file structure-v7.txt (compact mmCIF, C-alpha atoms and all ligand atoms)
# COMPACT_ATOMS: atom_id res chain seq x y z
CA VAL E 3 13.38 160.60 133.09
CA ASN E 4 10.00 160.16 134.95
CA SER E 5 7.67 157.21 135.94
CA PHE E 6 4.92 157.74 133.26
CA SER E 7 4.57 154.65 130.97
CA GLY E 8 2.72 153.84 127.72
CA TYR E 9 2.05 157.44 126.60
CA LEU E 10 2.03 158.58 122.97
CA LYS E 11 4.13 161.75 122.52
CA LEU E 12 2.11 164.51 120.75
CA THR E 13 4.61 167.41 121.09
CA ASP E 14 7.84 168.36 122.86
CA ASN E 15 5.87 168.61 126.16
CA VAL E 16 2.44 166.92 125.76
CA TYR E 17 1.83 163.18 126.11
CA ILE E 18 -1.48 161.23 125.95
CA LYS E 19 -2.73 157.78 127.03
CA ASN E 20 -6.07 155.88 127.20
CA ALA E 21 -6.23 155.51 130.95
CA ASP E 22 -8.46 156.01 133.98
CA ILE E 23 -6.75 158.98 135.77
CA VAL E 24 -7.63 157.47 139.18
CA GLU E 25 -5.77 154.19 138.36
CA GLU E 26 -2.92 156.16 136.75
CA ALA E 27 -2.53 158.39 139.84
CA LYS E 28 -2.59 155.36 142.18
CA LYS E 29 0.21 153.68 140.11
CA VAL E 30 2.48 156.74 139.44
CA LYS E 31 1.86 158.89 142.59
CA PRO E 32 2.74 161.97 140.53
CA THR E 33 3.82 165.26 142.17
CA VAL E 34 0.63 166.86 140.71
CA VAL E 35 -2.68 165.37 139.60
CA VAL E 36 -5.13 167.85 138.06
CA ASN E 37 -8.80 167.73 139.05
CA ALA E 38 -11.58 168.90 136.72
CA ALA E 39 -13.06 171.07 139.45
CA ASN E 40 -15.99 173.47 139.67
CA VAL E 41 -15.82 176.83 141.49
CA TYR E 42 -17.47 175.32 144.62
CA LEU E 43 -15.06 172.32 144.70
CA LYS E 44 -18.17 170.09 144.83
CA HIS E 45 -16.69 166.82 143.57
CA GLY E 46 -19.94 165.08 142.52
CA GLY E 47 -19.25 163.43 139.19
CA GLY E 48 -16.95 163.14 136.23
CA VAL E 49 -13.25 163.18 136.97
CA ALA E 50 -13.81 165.07 140.24
CA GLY E 51 -16.31 162.56 141.58
CA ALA E 52 -14.01 159.68 140.69
CA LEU E 53 -10.89 161.30 142.26
CA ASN E 54 -12.82 162.21 145.39
CA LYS E 55 -14.28 158.67 145.71
CA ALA E 56 -10.74 157.24 145.47
CA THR E 57 -9.74 159.45 148.48
CA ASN E 58 -12.66 158.07 150.56
CA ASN E 59 -14.18 161.64 150.52
CA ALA E 60 -11.07 163.19 152.15
CA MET E 61 -10.70 165.45 149.07
CA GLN E 62 -14.26 166.79 149.64
CA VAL E 63 -13.66 167.35 153.38
CA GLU E 64 -10.48 169.35 152.64
CA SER E 65 -12.24 171.22 149.82
CA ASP E 66 -15.18 172.24 152.02
CA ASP E 67 -12.76 173.76 154.56
CA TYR E 68 -10.96 175.60 151.66
CA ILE E 69 -14.23 177.12 150.39
CA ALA E 70 -15.43 178.04 153.90
CA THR E 71 -12.18 180.04 154.31
CA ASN E 72 -11.59 181.46 150.80
CA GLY E 73 -14.91 181.40 148.93
CA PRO E 74 -15.36 180.00 145.44
CA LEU E 75 -12.70 179.81 142.74
CA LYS E 76 -12.99 181.76 139.47
CA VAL E 77 -13.87 180.00 136.22
CA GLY E 78 -10.38 179.66 134.66
CA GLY E 79 -8.77 179.61 138.10
CA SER E 80 -7.22 176.99 140.34
CA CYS E 81 -5.99 176.10 143.82
CA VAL E 82 -3.41 173.66 145.10
CA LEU E 83 -4.61 171.22 147.79
CA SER E 84 -3.47 167.84 149.01
CA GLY E 85 -3.20 164.90 146.62
CA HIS E 86 -4.22 162.53 149.45
CA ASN E 87 -3.47 158.91 148.45
CA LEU E 88 -3.28 159.79 144.73
CA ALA E 89 -0.45 162.35 144.36
CA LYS E 90 1.62 164.78 146.42
CA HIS E 91 -0.65 167.67 145.38
CA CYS E 92 -3.97 168.09 143.57
CA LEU E 93 -4.26 171.13 141.31
CA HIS E 94 -8.02 171.84 141.18
CA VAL E 95 -8.58 173.67 137.87
CA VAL E 96 -11.92 175.14 136.78
CA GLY E 97 -12.50 174.94 133.08
CA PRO E 98 -15.63 176.56 131.66
CA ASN E 99 -18.74 174.35 131.81
CA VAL E 100 -20.55 174.68 128.43
CA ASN E 101 -23.67 173.02 130.07
CA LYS E 102 -23.78 176.18 132.37
CA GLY E 103 -23.14 178.69 129.47
CA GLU E 104 -19.53 179.71 130.47
CA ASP E 105 -17.16 181.45 127.96
CA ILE E 106 -15.06 178.78 126.13
CA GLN E 107 -12.29 181.50 125.79
CA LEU E 108 -11.75 180.81 129.54
CA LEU E 109 -10.36 177.37 128.62
CA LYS E 110 -6.97 178.93 127.72
CA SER E 111 -6.87 180.72 131.11
CA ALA E 112 -7.68 177.38 132.80
CA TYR E 113 -4.76 175.60 131.06
CA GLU E 114 -2.37 178.48 131.96
CA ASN E 115 -2.53 177.21 135.57
CA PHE E 116 -0.62 174.11 134.46
CA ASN E 117 2.44 176.27 133.62
CA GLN E 118 3.07 176.80 137.37
CA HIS E 119 4.00 173.08 137.68
CA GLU E 120 6.92 171.34 135.92
CA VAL E 121 5.11 167.98 135.45
CA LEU E 122 1.39 167.09 135.75
CA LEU E 123 -0.98 164.16 135.28
CA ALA E 124 -4.24 165.73 133.93
CA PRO E 125 -7.54 165.19 132.17
CA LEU E 126 -8.64 167.26 129.21
CA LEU E 127 -10.20 170.41 130.73
CA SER E 128 -13.84 171.15 129.99
CA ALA E 129 -14.29 167.67 128.39
CA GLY E 130 -16.75 165.00 129.53
CA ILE E 131 -19.66 166.40 131.57
CA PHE E 132 -18.30 169.99 131.19
CA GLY E 133 -19.62 169.85 127.62
CA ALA E 134 -16.73 171.19 125.49
CA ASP E 135 -15.36 169.48 122.37
CA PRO E 136 -12.39 167.37 123.58
CA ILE E 137 -10.58 167.90 120.22
CA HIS E 138 -10.68 171.65 120.93
CA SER E 139 -9.54 171.09 124.53
CA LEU E 140 -6.49 169.13 123.31
CA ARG E 141 -5.62 171.90 120.80
CA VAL E 142 -5.80 174.58 123.55
CA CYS E 143 -3.71 172.37 125.86
CA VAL E 144 -0.95 171.96 123.24
CA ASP E 145 -1.00 175.65 122.36
CA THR E 146 -1.04 176.87 126.03
CA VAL E 147 0.82 174.46 128.32
CA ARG E 148 4.63 174.68 128.14
CA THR E 149 5.37 172.34 131.10
CA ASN E 150 5.25 168.58 130.77
CA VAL E 151 1.69 167.27 130.79
CA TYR E 152 0.59 163.62 130.76
CA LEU E 153 -3.06 163.50 129.64
CA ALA E 154 -5.27 160.57 130.68
CA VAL E 155 -8.26 160.00 128.36
CA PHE E 156 -10.78 157.57 129.97
CA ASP E 157 -12.79 156.71 126.83
CA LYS E 158 -10.88 154.44 124.35
CA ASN E 159 -13.07 155.57 121.46
CA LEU E 160 -12.32 159.25 122.21
CA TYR E 161 -8.60 158.55 122.73
CA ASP E 162 -8.35 157.02 119.24
CA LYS E 163 -10.25 159.96 117.70
CA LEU E 164 -8.00 162.53 119.51
CA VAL E 165 -4.81 160.82 118.24
CA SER E 166 -6.05 160.18 114.68
CA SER E 167 -7.29 163.83 114.28
CA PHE E 168 -4.25 165.53 115.96
CA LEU E 169 -2.50 168.12 113.77
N1 LIG B 1 -12.39 156.18 137.29
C1 LIG B 1 -12.67 157.27 136.40
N2 LIG B 1 -13.88 157.89 136.33
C2 LIG B 1 -13.85 158.95 135.36
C3 LIG B 1 -14.97 159.74 135.08
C4 LIG B 1 -14.85 160.73 134.12
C5 LIG B 1 -13.61 160.92 133.50
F1 LIG B 1 -13.47 161.88 132.58
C6 LIG B 1 -12.52 160.13 133.78
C7 LIG B 1 -12.64 159.12 134.72
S1 LIG B 1 -11.58 158.00 135.33
call {"tool": "encode", "arguments": {"input": "structure-v7.txt", "output": "structure tokens", "more": "lines below"}}
Ligand SMILES: Nc1nc2ccc(F)cc2s1
result
Amino acid sequence: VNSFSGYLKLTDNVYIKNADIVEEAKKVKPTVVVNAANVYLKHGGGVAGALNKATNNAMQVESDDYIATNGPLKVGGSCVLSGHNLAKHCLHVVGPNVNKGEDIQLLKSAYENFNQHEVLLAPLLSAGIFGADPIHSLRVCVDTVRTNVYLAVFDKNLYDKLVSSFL
């Protein structure tokens, strides 16, 4: 048993809810929250901007030190950093950004990072301002992630379309 509440069960391991991931993280304090990161860990907008704002910019300060030491992530890659006030850990995962012309085949590689963690609170990778079709992102998630993933979908309209179209 875990602390996640109000989720619809899609599969053995994937759950979904219409929820702001910031507010969900603040309530649950999960072991792992996933950020929709870019390779520079520049948390300007979308999920990343909202998570970083909720940490009072501490996520960005930590991220800048990480990049100064290690250089940029790979598209499809990830790093584990602090979860600050939101979670124990933040798994920063880089899905491909369609609005930059990145290979959508890298979305499966991105979701494979989730398998290193038994339970995660996450957004749909490459959705929102990353430009991919969220229906596709949910299909790749279900077909790739084997650990227990609690997906927060911010937009109520999109949530209802994801559920009602799910095979
Ligand atoms: N407070 C929140 N802002 C965003 C922005 C984008 C998003 F996909 C999810 C959320 S939750």
call {"tool": "closest_residue", "arguments": {"input": "structure-v7.txt", "among": "E:61, E:160, E:122, E:53", "to": "ligand LIG 1 (chain B)", "atoms": "only C-alpha atoms and all ligand atoms"}}
result
E:53
call {"tool": "residues_near_ligand", "arguments": {"input": "structure-v7.txt", "ligand": "ligand LIG 1 (chain B)", "cutoff": "8 Å", "atoms": "all atoms listed in the file", "output": "ChimeraX atom specification"}}
result
/E:21-25,47-53,125-126,129-131,154-157
call {"tool": "closest_residue", "arguments": {"input": "structure-v7.txt", "among": "E:113, E:43, E:37, E:54", "to": "residue 72 in chain E", "atoms": "all atoms listed in the file"}}
result
E:43
call {"tool": "closest_residue", "arguments": {"input": "structure-v7.txt", "among": "E:136, E:85, E:32, E:79", "to": "residue 111 in chain E", "atoms": "all atoms listed in the file"}}
result
E:79
call {"tool": "residues_around", "arguments": {"input": "structure-v7.txt", "residues": "residue 137 in chain E", "least_positions_apart": "5", "cutoff": "12 Å", "atoms": "all atoms listed in the file", "output": "list in words"}}
result
residues 126, 127, 128, 129, 130, 142, 143, 144, 155, 160, 161, 162, 163, 164, 165, 166, 167, 168 and 169 of chain E
call {"tool": "atom_distance", "arguments": {"input": "structure-v7.txt", "atom1": "CA of residue 146 in chain E", "atom2": "CA of residue 114 in chain E"}}
result
6.3 Å
call {"tool": "atom_distance", "arguments": {"input": "structure-v7.txt", "atom1": "CA of residue 149 in chain E", "atom2": "CA of residue 75 in chain E"}}
result
22.8 Å
